[PDB]
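Undergrad: Fold the stuff below for me.
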Amino acid sequence: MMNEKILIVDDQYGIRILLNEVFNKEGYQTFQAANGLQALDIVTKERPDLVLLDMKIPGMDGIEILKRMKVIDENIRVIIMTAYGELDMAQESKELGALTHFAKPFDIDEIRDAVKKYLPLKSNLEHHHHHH
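TA: Numbering: from 1, shown residues only. Have a look at this structure:
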């Protein structure tokens, strides 16, 4: 449609943007971030619904940023592609510590799969009985 939105924060040369060709068109508004602050830029600019955050990202500690992300929306699906033991550290540090987790920036095939594994696909979806 068009209302699909995701952020991807990592320092992989062309994975961030290949996610764009991968979803940004039709899958989701997948944007690229070199810092969580850059992700904050887009989260306030385009307001993607999902966030991919790596704290292992050169620049800033994405951990803090993703904490703020749930803190901004609470509907935003905060997904972690950093030290996935942050459901230990990042969670107890603040609030949620991100949901779907991965310790490695992996091949996008598993990522697109993970997207269609985790995403609702239910009846109520987000919060709306009978989409109108």
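Undergrad: And the strands in the protein?
TA: For the chain, the strands defined by DSSP state E cover 5-9, 29-33, 50-53, 77-80.
Undergrad: now for those strands, which one comes closest to residue 92?
TA: strand 77-80 (14.3 Å; C-beta to C-beta). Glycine gets a C-beta too; all of them are placed from N, C-alpha and C.
Undergrad: From residue 89, how far out is the nearest residue to residue 91 once chain neighbours are set aside?
TA: In space, and not counting its chain neighbours, residue 91 is closest to residue 97: 2.6 Å by C-beta to C-beta, 6 or more residues apart in numbering. Per C-beta to C-beta, to the nearest Å, residue 97 is found 7 Å from residue 89.
Undergrad: who's more crowded, those two?
TA: residue 97 (22 against 13; other C-beta atoms under 10 Å).
Undergrad: who's in contact with the more buried one?
TA: Residues in contact with residue 97 (C-beta atoms under 8 Å, 6 or more residues apart in numbering) are 66-67, 80, 86-91.
Undergrad: Going by neighbour count, which of the residues you listed are buried?
TA: By neighbour count, with 16 or more other C-beta atoms under 10 Å, these hold 66-67, 80, 86, 90 as buried.
Undergrad: Which ones among the residues you listed lie within helices?
TA: Among those, the members found in helices (DSSP state H) are 66-67, 90.
Undergrad: and the residues you listed as JSON lines, adding distance to residue 20?
TA: Putting these into JSON lines (distance: C-beta to C-beta, whole Å) gives the following:
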{"residue": "66", "distance to residue 20": "20"}
{"residue": "67", "distance to residue 20": "25"}
{"residue": "90", "distance to residue 20": "26"}
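Undergrad: Just the buried residues of stretch 30-40, please?
TA: 30-33, 35-36, 38-40.
Undergrad: possible to save those as TSV with distance to residue 8?
TA: Below are those laid out as TSV (distance: C-beta to C-beta, whole Å):
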residue	distance to residue 8
30	6
31	7
32	6
33	6
35	12
36	11
38	11
39	8
40	14
